[PDB]
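Undergrad: Residues in the sequence shown are numbered from 5 upward in steps of one, following this note's numbering.
Ideal Cβ positions, reconstructed from N, Cα and C, are used throughout, including at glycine.
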Amino acid sequence: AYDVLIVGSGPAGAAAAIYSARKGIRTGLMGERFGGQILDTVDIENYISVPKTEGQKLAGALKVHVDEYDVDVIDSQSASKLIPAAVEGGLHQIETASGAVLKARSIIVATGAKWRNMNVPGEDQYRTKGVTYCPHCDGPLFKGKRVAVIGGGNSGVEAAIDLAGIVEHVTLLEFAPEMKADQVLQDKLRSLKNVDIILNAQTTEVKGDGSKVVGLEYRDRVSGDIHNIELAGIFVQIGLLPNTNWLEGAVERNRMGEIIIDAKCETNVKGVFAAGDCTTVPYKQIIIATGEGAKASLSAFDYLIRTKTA
Ligand SMILES: Cc1cc2nc3c(=O)[nH]c(=O)nc-3n(C[C@H](O)[C@H](O)[C@H](O)COP(=O)(O)OP(=O)(O)OC[C@H]3O[C@@H](n4cnc5c(N)ncnc54)[C@H](O)[C@@H]3O)c2cc1C
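1. So what does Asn232 bridge to, in DSSP terms?
2. Among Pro55, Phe38, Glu49, which one has its Cα closest to the Cα of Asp79?
3. For ligand 1, I want to know if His140 counts as a neighbour, meaning its beta carbon is within less than 8 Å of at least one of the ligand's heavy atoms.
4. On the premise that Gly156 lies in contact with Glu178, defined as a C-beta separation below 8 Å, what is that separation, rounded to the nearest angstrom?
5. What are the start and end residues of each continuous beta strand (DSSP E) run of 3 or more residues lying completely inside the stretch 103–138, in chain order?
6. Counting only runs that start and end within the stretch 270–299, where is the beta strand (DSSP E) found for 3 or more residues in a row?
7. Check this for me: beta carbons of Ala101 and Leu66, under 9 Å apart or not?
8. If you draw a straight line from the alpha carbon of residue 320 to that of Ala163, how long is it in whole angstroms?
9. Is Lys85 closer than 9 Å to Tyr6 when the C-beta atoms are compared?
10. Report yes if the CB atom of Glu182 is closer than 9 Å to the CB atom of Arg150, and no otherwise.
11. Grab the span of the alpha helix (DSSP H) containing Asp166 for me, first residue to last.
12. Please say whether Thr248 and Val113 have beta carbons closer to each other than 9 Å?
13. Counting along the chain, where does the alpha helix (DSSP H) carrying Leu189 start and finish?
14. Between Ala83 and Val11, is the Cβ-Cβ spacing less than 9 Å?
15. Does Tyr287 pass the burial test, meaning 16 or more other C-beta atoms within 10 Å, or should it be called exposed?
16. Where do the N-terminal and C-terminal ends of the alpha helix (DSSP H) with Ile22 fall, by residue?
17. When the Cα atoms are used, what is the spatial distance from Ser13 to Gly228?
18. Could you spell out where the alpha helix (DSSP H) holding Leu62 opens and where it closes?
19. Measuring CB atoms only, is the stretch 208–216 touching the stretch 119–136, in the sense that at least three cross pairs come out at less than 8 Å?
20. Does the beta carbon of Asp213 fall short of 8 Å from some heavy atom of ligand 1?
21. Helix, strand or coil for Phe239? Go by DSSP, reduced to three states.
22. For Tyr73, which residues in the same chain have their Cβ closer than 7 Å to its Cβ, ignoring the five residues on either side in sequence?
23. Which partner residues does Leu177 have in the DSSP bridge list?
24. Following a CB-centred definition, is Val273 positioned closer than 8 Å to any heavy atom of ligand 1?
25. If you draw a straight line from the alpha carbon of residue 315 to that of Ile265, how long is it in whole angstroms?
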């Protein structure tokens, strides 16, 4: 029985583990792959105080930092169910897909999320070489270049507006006959001179020169006609899917599947906290996730000292 069991080992979970183990408590960190989303990216220029680093290096540094403390790091395990303590102060349980069950006085869920993919040939090949899922992260890299934003929800429309102020031209492709973003965002986007919006648009292929992106092919869903666009960057903003369906019925979630948390990262279940992209935190970034993990760790500690075991 851990004093705290952190589920997910991306930036948020790692931060939580460091904060928890620093208090000398029995700390477990169970995740599918240490490092989380940062493992698939290269250049990171917004991890505050570090002008430039990369995913591999950063995940490595996160592991070293976690290993400076007494943390039981469990890797390649997926939480499949949360069994809330039946009685106040009782142990919470995390079951795994592999068939194990772990017990803990407090839980910190930090399972992150998955950005939906275009699922087209060329997408994988060009990830980090023009295909990007983060406007906040890579916007600064496209000055003077043409780019596309895939997705017409708030995230995509905001991203297109954001990029339009930095890049040469932006083309937003919306799968549906209409964008779902708030009207104010739609009006703002449509008012920009260096932006063109394509509705009923389904991307079909990412084209590159063997090294980086050079274009995008898509299909018009109404006519079925195929079209091409020249560009250097493709920002995929279809949607974010929090890794939280396994918690269905155990902890409240908002309409987007994000775990509902208050400022202290507390869920509706006492002793169960959550941090990072899997929560209702409004923005999804490494530095934001790390700060949240620290908060959740501190709240879990406060919970432990305020509640009597069993
Ligand atoms: C390609 C890419 C590039 C990015 N570049 C930047 C950047 O430059 N700067 C920036 O600030 N942000 C960037 N981000 C976003 C940033 O990586 C995330 O906001 C950050 O990693 C979120 O941290 P997290 O811990 O909340 O979750 P995540 O990193 O997602 O990690 C959650 C971890 O939990 C695991 N997990 C999931 N389900 C379970 C389960 N049931 N049981 C156990 N473990 C589970 C996940 O597989 C993962 O390893 C990028 C994201 C992507 C996808």
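TA: Well, looking at it:
1. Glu221.
2. Here the closest residue by C-alpha is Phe38.
3. Yes, the beta carbon of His140 sits closer than 8 Å to at least one heavy atom of ligand 1.
4. Yes, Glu178 and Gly156 are in contact; Cβ-Cβ is about 3 Å, under 8 Å.
5. Along the length of the stretch 103–138, whole beta strand (DSSP E) runs at least 3 residues long occupy 105–113, 117–119, reported in chain order.
6. For secondary structure counted as the beta strand (DSSP E) over 3 or more consecutive residues, the stretch 270–299 holds these complete runs in sequence order: 276–278.
7. No, they are not a contact pair.
8. An answer regarding residue 320 cannot be provided, because it is not within the stretch 5 to 314 covered by the chain.
9. Not a contact, by the Cβ cut-off of 9 Å.
10. 9 Å or more divides the Cβ of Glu182 from the Cβ of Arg150.
11. First-last of the alpha helix (DSSP H) with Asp166: 158–168.
12. Here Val113 is near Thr248, since their CB atoms are less than 9 Å apart.
13. For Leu189, the uninterrupted alpha helix (DSSP H) segment begins and ends at 187–194.
14. Yes, Cβ-Cβ distance for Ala83 and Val11 is below 9 Å.
15. Here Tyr287 is exposed, its C-beta having fewer than 16 other C-beta atoms within 10 Å.
16. For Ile22, the enclosing alpha helix (DSSP H) covers residues 15–25.
17. Straight-line Cα distance between these residues: approximately 43 Å.
18. It spans 59–71 - the alpha helix (DSSP H) in which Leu62 sits, taken as one unbroken run.
19. Flag = yes, the stretch 208–216 and the stretch 119–136 touch.
20. Checking the Cβ of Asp213 against ligand 1 gives no.
21. Under the three-state reduction of DSSP, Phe239 is assigned to strand.
22. Excluding positions up to five away in sequence, the list reads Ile22, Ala25, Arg26.
23. Listed as beta-bridge partners of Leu177 by DSSP are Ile154, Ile202.
24. Result no, Cβ not under 8 Å from ligand 1.
25. This structure leaves residue 315 out entirely; the chain is present only between 5 and 314.
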